[PDB]
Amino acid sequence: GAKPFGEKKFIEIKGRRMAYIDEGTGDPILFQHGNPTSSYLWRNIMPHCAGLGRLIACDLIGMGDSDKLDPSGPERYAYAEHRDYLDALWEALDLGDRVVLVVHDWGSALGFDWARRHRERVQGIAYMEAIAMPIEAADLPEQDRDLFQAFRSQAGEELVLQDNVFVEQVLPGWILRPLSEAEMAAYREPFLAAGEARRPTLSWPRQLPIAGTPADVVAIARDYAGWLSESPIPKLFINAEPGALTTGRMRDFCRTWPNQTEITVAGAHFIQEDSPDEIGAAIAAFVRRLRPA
């Protein structure tokens, strides 16, 4: 299905509208997307969890239906800034102390870090295709390595701001099946305008903690990595075959984490588009185990 889940609501955070879905009552279950998606990514997964809590999915600043930052440029949309907006949004949504996080891609970096800073508020973490630790160049898939190194160079502006490569190539290229015209449309929407409307999709791969740089994200991911491998918080690892980002060393490291159940589903990076029913079912079962009634 191409239909979004829920109705978008909006909240002004530091003078900017942020968009989010919030359905149901009870302890929250937060779904957090990464690059270059939005809450739309979760549309066929969130229904599986209906009645198990308050289902929330936020659009990160500059993505989905949330506002762009003004002014925009190469210093905007770094990890730190996204973190500031999302922290403040999660505050304003009145989440309580029994939060289940469901995370993907940069959503995992954000969610893992937040969970670390608020560990007594977290009831469970489900993650998939996540940035679970700092990596090296060799840990990127062979076929995508050189393109990501290009984004991280001066060639990135032309590739992403003019040609929109992250949306038009990386996104479809990391989904096993072809998207319908309506599904592409929804992912394209926030990035139709060339220029700074696309800055978020370029700023993100420039934040990837690769070979020690950028150093502040390295250190954040190094901190949450250590913590997660030592945390008794229950965890659901949704492993993808063949996967993309959570493979190799990162996958071995994730499997060392305590109090973790694991399932494996078909997919590359955007696995929600390939096996949404398996993922949704597993998340639901996980949340049911943590919230017997």
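All residue numbers are counted from 1 along the displayed sequence.
Looking at mean Cα B-factors across 174 to 182 and 129 to 137, the upper value is held by 174 to 182.
Stretch comparison (114 to 122 versus 68 to 76) by mean CA B-factor in the PDB entry places 68 to 76 on top. When the modelled residues of the chain are ordered by C-alpha B-factor, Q143 sits in the highest third. Sort the chain's modelled residues by C-alpha temperature factor and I29 lands in the lowest third, per the entry. Among the modelled residues of its chain, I210 has a C-alpha B-factor that falls in the middle third, as given in the PDB entry. In the PDB entry, a CA B factor belonging to the highest third of its chain's modelled residues is recorded for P47. In the deposited entry, the Cα temperature factor of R199 places it in the lowest third of its chain's modelled residues.
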